[PDB]
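What is reported rests on the model, the rules as stated and the sources as named; nothing here is a laboratory result. No Cβ is skipped: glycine too gets one built from the backbone with ideal geometry, and neighbour counts run over all protein chains shown.
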Amino acid sequence: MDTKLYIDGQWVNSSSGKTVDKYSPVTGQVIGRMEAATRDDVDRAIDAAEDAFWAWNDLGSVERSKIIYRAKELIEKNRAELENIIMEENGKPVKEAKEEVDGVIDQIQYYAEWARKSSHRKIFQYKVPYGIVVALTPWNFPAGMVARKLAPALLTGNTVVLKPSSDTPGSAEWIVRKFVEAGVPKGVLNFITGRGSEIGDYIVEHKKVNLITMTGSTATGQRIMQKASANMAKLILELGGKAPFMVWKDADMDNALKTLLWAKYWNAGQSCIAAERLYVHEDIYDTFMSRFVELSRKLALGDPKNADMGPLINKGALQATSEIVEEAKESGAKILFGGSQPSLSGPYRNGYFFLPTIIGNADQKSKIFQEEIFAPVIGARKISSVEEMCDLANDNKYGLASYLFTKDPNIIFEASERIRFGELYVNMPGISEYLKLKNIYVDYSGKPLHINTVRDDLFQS
Amino acid sequence: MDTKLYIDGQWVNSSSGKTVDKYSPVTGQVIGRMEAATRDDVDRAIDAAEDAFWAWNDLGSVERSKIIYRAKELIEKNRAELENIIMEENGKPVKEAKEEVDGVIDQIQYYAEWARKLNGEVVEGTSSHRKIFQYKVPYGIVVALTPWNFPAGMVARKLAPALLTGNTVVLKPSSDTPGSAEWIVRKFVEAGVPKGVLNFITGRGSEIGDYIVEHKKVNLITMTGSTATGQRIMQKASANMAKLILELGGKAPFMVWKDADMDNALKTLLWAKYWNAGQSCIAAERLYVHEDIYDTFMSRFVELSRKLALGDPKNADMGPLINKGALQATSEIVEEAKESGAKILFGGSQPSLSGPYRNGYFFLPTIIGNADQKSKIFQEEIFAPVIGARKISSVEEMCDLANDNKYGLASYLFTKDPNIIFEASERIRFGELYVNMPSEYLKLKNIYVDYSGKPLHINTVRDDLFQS
């Protein structure tokens with residue numbers, strides 16, 4: 001499909017006339033185009049948003065919620081199309097796509113459901129929009145993330161300029177279209193595609209932007225933060241991590257294995273909570289590793305209609321992965337399975353597929369263990385004590401997700417405090433952020449004021 | 001007084017040996033010294049904090065609260081000393097100092113009172129054999145950057161809650177007001193804060209400030225000060241991804257409609273501009289008065305200003321500016337205002353005071369008319385006892401004037417028309433509107449547990465992989 005821009009209620013082309021090609025990660029062939037927006041286009045979008053803001057605000061939450069509900073309904077009616085788009089653009093297995101769609105739907109529903117939800121001195125506390133919201137959605141879940149971003153912002157009465165990832169405009173565009181159909185007014189939602197190397201910074205630091213909501217890589221987040229010093233925007237940033245996966249000697253093996261499989265290979269490891277480091281107890285280690293290898297052997301790559309795991313999002317990512325693997329190799333590491341592209345028939349051989357890759361002889365200090373991978377590759381390391389394990393877990397710049405398999409309650413308890421991570425998943429696999437409080441303090445006594453530091457003998461005249 | 005560093009439980013000197021002189025804003029003479037910490041010192045402090053963190057955490061909230069209470073009590077016992085220090089370092093009128101002290105005490109009390117009240121929570125999972133445990137935990141190592149304008153109160157605001165929530169702290173106060181901060185730190189130590197939990201670093205920000213901000217091991221930065229400084233801090237923290245708590249002042253419009261209670265309004269204005277010589281985040285920075293009363297009001301204001309005494313904290317109504325530099329800046333601003341049309345209706349210079357006080361950094365209450373809405377006086381933060389005034393003749397116009405500003409934190413309105421008040425509640429785009437009157441330190445972490453002890457079924461993991 002060819003995607004366009006949506007600026008002040010119209011589908012338009014880039015003002016410069018430039019486009020960017022969209023490649024299929026399944027075939028490696030161009031399958032679409034998107035418009036490469038200019039600074040000018042961005043500005044226009046922002047202006048539109050500004051214009052629409054007050055009107056949007058005045059409609060009240062209820063009306064907004066109605067619209068949102070309608071949009072959701074529309075999406076539900078045509079979910080198949082969305083699923084197909086997802087399959088095209090990201091190569092996700094069908095099941096995964098379906099799941100994502102479901103999630104999107106549910107989140108929309110949930111966000112809609114928040115609609116309407118001295119003695120002579122009072123404080124009035126209103127909760128009001130921030131104003132103009134810029135939404136940056138990463139292609140990890142190019143629909144789900146959009147849903148997360150757009151809905152609540154919209155409900156709280158903010159106007160929006162959405163820029164999706166250059167890799168996954170299509171889904172986002174579709175969503176936008178759906179929203180428009182549902183009755184979002186002109187200027188309330190604007191859609192801007194384009195290479196971040198040209199416009200991303202500009203979009204971030206623009207004079208009129210009030211809030212930025214973003215999910216993606218840490219570096220990108222950092223950059224955004226740096227930029228926003230110009231306009232003092234409120235920042236909502238989710239920036240992934242390097243989740244340790246810890247399996248103690250007493251773990252239920254099968255379950256653990258399943259969890260590991262999910263954690264690494266769901267969306268080919270391209271997640272903000274994916275298993276990034278494997279730590280297994282020395283007593284079971286070897287056996288466990290084999291089992292894992294065996295499991296990996298059985299996963300099919302290729303067509304979304306039947307594959308267990310999809311491709312990486314683009315050529316560049318694939319290349320990076322390859323480089324990482326090479327680095328691992330050319331520094332001692334044993335590749336226990338995979339470590340290359342698969343060998344597939346027909347169009348699929350030029351897709352960006354990478355084999356499930358498992359690495360031993362793995363240095364705790366190496367790139368494999370210290371830098372985010374975001375791909376179906378993991379290094380494994382033995383452990384022999386709880387404290388040691390904890391130390392290993394904590395030895396990272398990133399602290400988002402973590403996983404633990406054990407039946408020892410004490411250990412679990414201890415990790416609850418010792419593992420310094422935002423989520424710990426044990427034996428298993430926000431709306432207010434978009435509102436600003438304003439206070440109005442009123443004194444209606446009508447009596448003379450007395451202020452400690454102002455002498456009242458100034459007012460016996 | 002000569003202040004020092006507190007690093008890993010010891011009072012020490014700077015590693016470089018260098019110090020910075022502290023001037024009295026009342027006399028303009030050097031009255032003390034503080035140590036000019038090095039990068040190395042900062043690093044050491046950070047390390048100490050890191051070391052102490054776990055121990056501090058393990059003590060539990062209750063113990064921490066106890067300590068805090070003790071500290072508060074100690075402060076109360078010796079508040080006079082603190083007051084005196086404040087008077088020395090900032091030249092605040094005695095009353096103001098007292099008020100500040102009171103505030104400090106109260107905030108400490110309040111923060112102590114949250115012990116055991118931010119407990120964790122247990123909520124339902126996605127089945128009857130799944131639970132999600134939500135603990136509230138410290139961020140870790142906190143850097144606290146306190147300003148000079150409320151050099152005790154701000155410290156109190158920063159240190160207490162952080163300490164209670166189980167964070168360890170490296171405090172750097174303003175180079176203009178180390179003494180109060182130091183005293184507070186000492187008090188805390190006396191109360192029983194353990195080694196490394198609280199570290200105190202003084203030093204010129206031009207050397208170390210950036211370094212302190214962007215250090216690898218820092219988890220949270222809490223700061224109050226100027227907007228530019230805040231921006232800089234933000235920029236720096238891209239290096240370490242620290243959680244930021246920033247309070248950055250503003251340019252508060254002061255609006256007086258035709259039906260205002262005159263006297264009260266005047267009093268409020270006086271408070272707003274001249275409290276702490278206008279050196280406050282929510283101080284009156286722009287004056288808008290209704291054309292029907294304007295002239296009279298202005299005179300009245302002028303008259304009031306005439307009556308305010310400057311000089312010694314023991315008897316003055318208003319204190320000096322914090323340093324020579326600030327004074328100079330103020331002077332420059334005034335000159336700019338002059339050399340571009342403006343009528344100085346009163347003041348506009350240093351006062352004429354006897355003895356040592358004439359070399360202090362006092363500036364007269366300054367009131368300016370013929371004031372351009374687009375000028376520096378109306379668009380850039382002043383933070384001094386100077387204000388420009390402008391007529392208004394409609395509500396909409398007034399609103400527009402108010403909103404025409406880069407910085408929007410506080411605002412004041414005097415009127416008896418309810419409709420107007422209502423309208424401003426939505427039309428004035430400011431965080432606080434004063435009408436006819438003058439957990440951040442905790443991180444949530446989740447633990448998801450499945451206890452079923454049964455085989456898991458995950459849509460995308462085929463169970464036919466485990467029929468062998």
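Can you find, within segment B:210-246, the residue that is farthest from the chain's Cα centre (by Cα) among those that are aliphatic (A, V, I, L, M), more than 12 Å from chain A (Cβ to nearest Cβ) and farther than 17 Å from B:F383 by Cβ?
Taking segment B:210-246 first, the residues aliphatic (A, V, I, L, M) are B:212-213, B:218, B:220-221, B:223, B:228, B:233-234, B:237, B:239, B:241-242, B:244-246.
From the residues that got through so far, the ones that are more than 12 Å from chain A (Cβ to nearest Cβ) too are B:212-213, B:218, B:220-221, B:223, B:245.
Of the ones still in play, those that are also farther than 17 Å from B:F383 by Cβ are B:212-213, B:218, B:220-221, B:245.
Details: B:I212: 18, B:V213: 17, B:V218: 20, B:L220: 16, B:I221: 13, B:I245: 11 Å.
Among those residues, the one meeting the criterion is B:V218.
Within segment A:336-350, residues that are on the phi > 0 side of the Ramachandran plot reach partners that are buried (at least 16 other Cβ atoms within 10 Å of the Cβ) and part of a loop (DSSP other than H, G, I, E, B) with beta carbons closer than 8 Å, at six or more positions or on different chains, in the pairs A:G338/A:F354; A:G338/A:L355; A:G338/A:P356; A:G338/A:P376; A:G339/A:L355. Within segment A:421-431, being outside any strand (DSSP E or B) and surrounded by 19 or more Cβ atoms within 10 Å (Cβ to Cβ) holds for A:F421, A:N427, A:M428, A:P429. Against the conditions (1) within 14 Å of chain A (Cβ to nearest Cβ); (2) surrounded by fewer than 19 Cβ atoms within 10 Å (Cβ to Cβ); (3) part of a loop (DSSP other than H, G, I, E, B), B:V461 satisfies every one except (2).
Please indicate, with yes or no, whether at least one residue in segment A:110-118 is touching a strand residue (DSSP E or B) at 6+ places or on another chain (Cβ under 8 Å) and acidic (D, E). Reasoning before the result, please.
Going residue by residue through segment A:110-118, those that are touching a strand residue (DSSP E or B) at 6+ places or on another chain (Cβ under 8 Å) are A:118.
Then keep just the ones that are acidic (D, E); that gives none.
Checked against the condition, which is being touching a strand residue (DSSP E or B) at 6+ places or on another chain (Cβ under 8 Å) and acidic (D, E), segment A:110-118 yields no hits at all.
Figure legend. Inter-residue proximity from segment B:432-444: first residues among the aliphatic types (A, V, I, L, M), second residues in a loop (DSSP other than H, G, I, E, B), beta-carbon distance below 8 Å, spacing 6+ or different chains. Indicated pairs: B:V435/B:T415; B:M437/A:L449; B:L442/B:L118; B:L442/B:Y139; B:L442/B:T165; B:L444/A:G422.
Given the criterion farther than 30 Å from A:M253 by Cβ and in the same structural domain as A:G269 (by CATH), identify the matching residue among A:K438, A:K397, A:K407, A:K367.
A:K397
Out of all the residues in segment A:27-37, which are surrounded by fewer than 23 Cβ atoms within 10 Å (Cβ to Cβ) and in contact with a helix residue (DSSP H, G or I) (Cβ under 6 Å, 6 or more places away or on another chain)? Across segment A:27-37, the qualifying residues are A:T27, A:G28. Taken as a whole, the structure leaves B:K77 outside the set of residues that are closer than 16 Å to B:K187 by Cβ, out of contact with any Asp or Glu (no Cβ under 9 Å at 6 or more places or on another chain), charged (D, E, K, R) and crowded, with 22+ Cβ neighbours inside 10 Å. Among the residues making up segment B:307-326, those that are more than 24 Å from A:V454 (Cβ to Cβ) and either surrounded by 13 or more Cβ atoms within 10 Å (Cβ to Cβ) or not assigned by CATH to the domain that holds B:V386 (or both) are B:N323, B:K324.
Tally up the residues in segment A:230-263 that are part of a loop (DSSP other than H, G, I, E, B), buried (at least 19 other Cβ atoms within 10 Å of the Cβ) and out of contact with any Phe, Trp or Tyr (no Cβ under 6 Å at 6 or more places or on another chain), please. Lay out the reasoning, then the answer.
Start the filter on segment A:230-263 by keeping residues that are part of a loop (DSSP other than H, G, I, E, B), which leaves A:230-233, A:239-242, A:248-252.
Okay, now just the ones that are also buried (at least 19 other Cβ atoms within 10 Å of the Cβ), so A:233, A:239-242, A:248, A:251.
If we keep only those that are out of contact with any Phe, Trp or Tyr (no Cβ under 6 Å at 6 or more places or on another chain) too, we end up with A:233, A:239-240, A:248.
Of the residues in segment A:230-263, 4 are part of a loop (DSSP other than H, G, I, E, B), buried (at least 19 other Cβ atoms within 10 Å of the Cβ) and out of contact with any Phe, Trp or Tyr (no Cβ under 6 Å at 6 or more places or on another chain).
For segment B:432-454, give me the residue count where each residue is more than 7 Å from chain A (Cβ to nearest Cβ) and either buried (at least 17 other Cβ atoms within 10 Å of the Cβ) or not in a strand (DSSP E or B) (or both). Within segment B:432-454, residues that are more than 7 Å from chain A (Cβ to nearest Cβ) and either buried (at least 17 other Cβ atoms within 10 Å of the Cβ) or not in a strand (DSSP E or B) (or both) number 9.
Of all the listed residues (B:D51, B:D106, B:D40, B:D102), the sole one being in contact with an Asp or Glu (Cβ under 9 Å, 6 or more places away or on another chain), assigned to a helix (DSSP H, G or I), surrounded by fewer than 17 Cβ atoms within 10 Å (Cβ to Cβ) and not polar (S, T, N, Q) is B:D51. With respect to the conditions (1) on the phi < 0 side of the Ramachandran plot; (2) within 22 Å of the chain's Cα centre (by Cα), B:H290 lacks only one, and its number is (2). Taking the conditions exactly as written (in the same structural domain as B:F200 (by CATH) and closer than 17 Å to B:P173 by Cβ), does B:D2 satisfy them or not? Here the answer is yes, as B:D2 does meet what is asked.
The requirement of being surrounded by 14 or more Cβ atoms within 10 Å (Cβ to Cβ) and either within 14 Å of chain A (Cβ to nearest Cβ) or under 30 Å from A:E423 (Cα atoms) (or both) is not satisfied by B:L364. Would you say B:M255 is outside the structural domain of B:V137 (by CATH) and at negative phi? So B:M255 passes the test. In summary, B:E89 fulfils each of the numbered conditions (1) assigned to a strand (DSSP E or B); (2) away from chain A (no Cβ under 12 Å); (3) of a type in the set (D, E, K, R) with the single exception of condition (1). With the requirement that a residue be among the hydroxyl-bearing types (S, T, Y) and either within 13 Å of chain B (Cβ to nearest Cβ) or surrounded by 17 or more Cβ atoms within 10 Å (Cβ to Cβ) (or both), what does segment A:267-289 give you? A:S271, A:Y279, A:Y285, listed by residue number.
Restricting segment B:197-229 to residues that are small (G, A, S) and surrounded by fewer than 24 Cβ atoms within 10 Å (Cβ to Cβ) leaves a set whose member that is nearest to A:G399 (Cα to Cα) is B:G209. If you take the residues in segment B:327-354 that are surrounded by 19 or more Cβ atoms within 10 Å (Cβ to Cβ) and of a type in the set (G, A, S), which one is farthest from B:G28 (Cα to Cα)? In this case the residue turns out to be B:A342.
Out of B:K406, B:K376, which single residue is farther than 30 Å from A:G446 by Cα, away from every other protein chain (no Cβ under 14 Å) and either within 27 Å of the chain's Cα centre (by Cα) or not basic (K, R) (or both)? None of the other options fit; the residue is B:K376. Would you be able to tell me the number of residues in segment B:134-166 that are within 14 Å of chain A (Cβ to nearest Cβ) and among the aliphatic types (A, V, I, L, M)? Final tally of qualifying residues: 2.
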